């Protein structure tokens, strides 16, 4: 009872993030959004080279929606502030093709490098073994 297509995504780590987003050292997590489906990694405390090494299975319930990956600064008092992103069209991936690569992140604050993120992405069917 898997979805017809599933994005299997490994969020491995991000390199050279901003160490401060406005004020304080960032406590980053990654949010993955595909339409109204959203899931997130754990928060890594005070790291600009956070390693999550977390694997997701995201069923494709909306074939129109982009795949959005956002890096967010967790704050336990106030608001969590987004500071880096990358967007993919579903058509950028082929079924059965594990894509393992480093992507340049886009910064929410222009004038600031956002670093890079290591993702493994595998669009698969039901009963195709992830990765």
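Residue numbers count along the first chain shown, from 1.
On average, are the C-alpha B-factors higher in 59 to 67 or in 28 to 36?
The deposited B-factors put 59 to 67 ahead on the C-alpha mean.
Highest mean C-alpha temperature factor of the two stretches 50 to 58 and 93 to 101, which is it?
Comparing averages over the C-alpha atoms only gives 93 to 101.
Compare the CA B factors listed in the entry for 117, 20, 114, 121 and report the winner.
Checking the PDB record, the top C-alpha B-factor among 117, 20, 114, 121 is at 20.
Compare the C-alpha B factor of residue 8 with those of the other modelled residues in its chain, then answer lowest, middle or highest third.
CA B-factor rank for residue 8: lowest third.
Can you tell me whether residue 76 has a C-alpha B-factor in the lowest, middle or highest third compared with the other modelled residues of the same chain?
Highest third - that is where residue 76 ends up once the chain's C-alpha B-factors are sorted.
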